[PDB]
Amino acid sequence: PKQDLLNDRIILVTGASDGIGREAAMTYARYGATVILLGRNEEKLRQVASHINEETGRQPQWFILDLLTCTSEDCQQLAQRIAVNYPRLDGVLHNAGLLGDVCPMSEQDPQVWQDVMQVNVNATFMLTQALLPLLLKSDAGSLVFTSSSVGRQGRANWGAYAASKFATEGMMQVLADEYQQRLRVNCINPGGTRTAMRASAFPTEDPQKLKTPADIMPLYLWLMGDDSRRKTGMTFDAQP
């Protein structure tokens, strides 16, 4: 993949404040993208923004949207503020996500559970709905959901996370079918990656023996770039 793969492409990334979303941003940016950052923490996004600026020379915008509490109006309002500065979106990476409770179904807490489906499904549904006009105004728009392997096959103790990655996958498949030959619409399964969500989940696992968000990026770029134009409605594993 050439260093100018994403020149003059407008790419928005959620959960840009930390982890995979952080790394996706910086990288899309190094590949020449106009990146847009979303998160819920102004102080964290300022730092990401700052670091990308020191990296590439361009200061990316960040917008605030807490996905737990956000409504359709706020999301629609966020679309408004993005149209102010940008003619279109070429890519939207829905990367934000809440892990919630990792325990037996009998132990799973119902408020954390309703927080998980709020952030991973609803708020992500709502926000997609608002950004679709800007994605359609692009020459080949790319919408990406982040799944997980419990989004394909429920294992014990994954609970609310899992149900919500299943929903992410069907949500992706409805959309891809509706935007056939208008939009690329896909899922990425990152697989286990050196982040603080992964570690919460696996206290004992050694993170240094994991691939970093950096290492898993070839797929993140491929799905935003011209070589995936013909691909839609699929779930790609960053680590097959």
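Start at 1 with the first residue shown and count on from there.
Asks: Taking only the CA atoms, which stretch has the higher mean B-factor in the record, 187 to 195 or 48 to 56?
Replies: Taking the mean C-alpha B-factor of 187 to 195 and of 48 to 56, the larger value falls to 48 to 56.
Asks: Given the B-factors recorded for C-alpha atoms, which segment has the greater mean, 156 to 164 or 72 to 80?
Replies: The stretch with the larger average C-alpha B-factor is 72 to 80.
Asks: Between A140, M126, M117, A96, which one tops the list for C-alpha B-factor in the PDB entry?
Replies: That would be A140, according to the entry.
Asks: What third of its chain's C-alpha B-factors does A214 belong to: lowest, middle or highest?
Replies: It belongs to the middle third of the chain when residues are ordered by C-alpha B-factor.
Asks: Just say lowest, middle or highest third for the CA B-factor of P203 relative to the other modelled residues in its chain.
Replies: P203: CA B-factor falls in the lowest third of its chain.
Asks: Once the chain's modelled residues are ordered by C-alpha B factor and cut into thirds, is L37 in the lowest, middle or highest one?
Replies: It falls in the bottom third of the chain.
Asks: Using only modelled residues of the chain, where does the Cα B factor of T14 rank: lowest third, middle third or highest third?
Replies: Lowest third, going by the recorded CA B-factors of the chain.
Asks: Could you place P133 in the lowest, middle or highest third of its chain by Cα temperature factor, using the values in the record?
Replies: Lowest third.
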